[PDB]
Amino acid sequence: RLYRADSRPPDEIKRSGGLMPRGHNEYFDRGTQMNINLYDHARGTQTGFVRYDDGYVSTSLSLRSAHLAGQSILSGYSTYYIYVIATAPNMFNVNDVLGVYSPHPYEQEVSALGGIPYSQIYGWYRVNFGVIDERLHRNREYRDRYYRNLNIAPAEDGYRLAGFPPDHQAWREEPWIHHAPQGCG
């Protein structure tokens, strides 16, 4: 599973249809041409939020990594939650897709294109004064059978989606050359 600390409460997440990128109102909302760019997302920082701009929502590979980021960004919050998320092909491993151009490689983030739907959230832990209450609340709307097999998108499918500016050296080198969009490199 993947983990993300966030101050938006479970009921706010249900009402929006999931963990939304910055500015995106609810999950199926087509009423805004949202900029979606992995390179841009991976280099951004938002105060009070683990990276969630430029159409992606960042997550961590472990509960401990999610709490560390949670305590760096949301410190002193009387409450925040760590959501436990199933792997599915809307998720991309940032290091794998951006390679040597990955901006925070030590972070080991896995980012979800367009946000994480509410049915993809397996459950959440409440974090009080920075201490994780270890009782996981399960999301009864989680679709167990569907997400049970699924895994993150292979890097091969995200190279075309990396979003490096047209002039970036990456578009002229391996592996992105072989997946370069029209007008890049």
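Throughout, we count residues from 1 along the sequence that is shown.
- The stretch 22 to 30 shows the higher mean C-alpha B-factor when 121 to 129 is compared against 22 to 30 in the entry.
- When the mean C-alpha temperature factors of 91 to 99 and 111 to 119 are read from the deposited coordinates, 91 to 99 comes out higher.
- Per the PDB record, residue ranking by Cα B-factor puts residue 162 in the lowest third of the chain.
- Ranked by Cα temperature factor within the chain, residue 44 sits in the middle third according to the deposited record.
- The PDB entry assigns residue 67 a C-alpha temperature factor belonging to the middle third of its chain's modelled residues.
- Annotation for residue 51: C-alpha temperature factor in the middle third relative to the rest of the modelled chain, per the entry.
- In the PDB entry, residue 144 places in the lowest third of its chain by CA B-factor.
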